[PDB]
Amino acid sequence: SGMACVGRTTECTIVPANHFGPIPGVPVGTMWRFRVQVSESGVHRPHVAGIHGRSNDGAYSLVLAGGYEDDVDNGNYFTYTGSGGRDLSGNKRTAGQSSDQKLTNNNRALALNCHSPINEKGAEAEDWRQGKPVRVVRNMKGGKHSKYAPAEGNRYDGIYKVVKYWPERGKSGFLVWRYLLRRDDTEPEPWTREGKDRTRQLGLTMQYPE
């Protein structure tokens, strides 16, 4: 079973589970081979889910991992897809779209980060930088369609904010919730010349399980 059914070896105690913003001691460019490690770091606590959020508070983090065809990654911004609209019966974790997504649970959480009152028809923020921060991790499985994904594993790419969100018919013909995320982070983007230099100057290397 390797890493398929494993739990954490430690938990992040440096900040609590509902911390908004960067995790202390984890710079942009930090890299981990497996999602469980990303969880142990505090950067993205769920081992499987794309969004970490509480539907009455906000979303703390998300992962771009190519798991949702409606995702569109443009590096310094991206269009993210809500979760759900899927039949996971039979103890699945992933499936194709087979019903309309809903503005509930993780999807409502991420909408709350937008600097606009929550709205079932979607919203746009007049001052997007006042929104709640989202920690963004890119996983190599996004690399099928995105040149910004890391070659392997998972990489912390910094703080993004939700500019707007809206419902739209997805590629599979069912409604999906879509979110425009835009970067708001003083640290360089890992894929740029400056980001590559920073990663090197910091001595960051891929973290593997102990």
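From 1 onward, residues are counted along the sequence shown. Each form is matched to the other, and the largest set of C-alpha atoms that superpose within 1.5 Å is called the rigid core.
J.: Overlaying the structures in 7 other deposited structures of this protein on the rigid core, point out which of 24 to 32 and 139 to 147 has the bigger RMS C-alpha shift.
T.: Clearly, after the core fit, the stretch farther away in 7 other deposited structures of this protein is 139 to 147.
J.: Rigid core superposition, C-alpha RMS per stretch in 7 other deposited structures of this protein: which comes out larger, 125 to 133 or 68 to 76?
T.: Farther on average in 7 other deposited structures of this protein: 68 to 76.
J.: Where both flanking residues are modelled in the other PDB entries compared, is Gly90 itself missing in a third or more?
T.: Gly90: unmodelled in at least a third of the other compared entries.
J.: Tell me which stretch has the larger mean Cα B-factor in this entry, 139 to 147 or 63 to 71.
T.: Result: 139 to 147.
J.: For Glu126, does the deposited CA B-factor place it in the lowest, middle or highest third of the chain?
T.: It falls in the top third of the chain.
J.: Report the third (lowest, middle or highest) to which the CA temperature factor of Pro117 belongs, ranking only the modelled residues of the same chain.
T.: Its C-alpha B-factor, which the entry lists for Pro117, ranks in the highest third among residues of this chain.
J.: Relative to the other modelled residues of the same chain, rank the CA B-factor of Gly173 and answer lowest, middle or highest third.
T.: For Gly173, the deposited C-alpha B-factor lands in the highest third.
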